[PDB]
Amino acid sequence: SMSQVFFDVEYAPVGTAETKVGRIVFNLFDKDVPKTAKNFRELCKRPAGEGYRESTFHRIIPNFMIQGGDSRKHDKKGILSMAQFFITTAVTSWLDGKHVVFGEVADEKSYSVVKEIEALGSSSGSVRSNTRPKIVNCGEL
């Protein structure tokens, strides 16, 4: 309940052939959403093939999102939204106000890694890299 969780992610940054392993550390909100944070921690610890270790990032959009742990043409043409207005030209329909927020990237180095990984995506969320980013380790710090 008090520990941070981390992902070690293997990926080849944009413009290079060589893979690296970058760490993303997260602060979880176990007090706010105990069952959701608990499930994540449990999935982090399970053996490769049953949890997050050895899973990959399926959809990635630069400067926006990474999706792991598992219309578009219209969104890409330009959507106007009110929240202040926004014009978006990347896939946004997956952002439906129904998510359960359960943590946050903890530090600047981790945030840099997230940005680096996000650069491997595209407006549709399709991963451009040949090397699909893979979680090679996960655990608690």
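Sequential numbering from 1, following the sequence displayed.
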Using the PDB record, quantify the missing residues of the deposited sequence between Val101 and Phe102 as none, 1 to 3, 4 to 9, or 10 or more.
none
In terms of residues present in the deposited sequence but not modelled, what lies between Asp70 and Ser71: none, 1 to 3, 4 to 9, or 10 or more?
10 or more
Compared with the other modelled residues in the chain, in which third is the CA B-factor of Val14?
middle
If you rank every modelled residue in this chain by C-alpha B factor, which third holds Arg41: lowest, middle or highest?
lowest
Entry-reported C-alpha B-factor of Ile60 relative to its chain, by third, is lowest
Would you mind checking where the Cα B-factor of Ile66 ranks among the modelled residues of its chain, as the lowest, middle or highest third?
lowest
Pull the Cα B-factor of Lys31 out of the PDB entry and bin it into the chain's lowest, middle or highest third.
middle
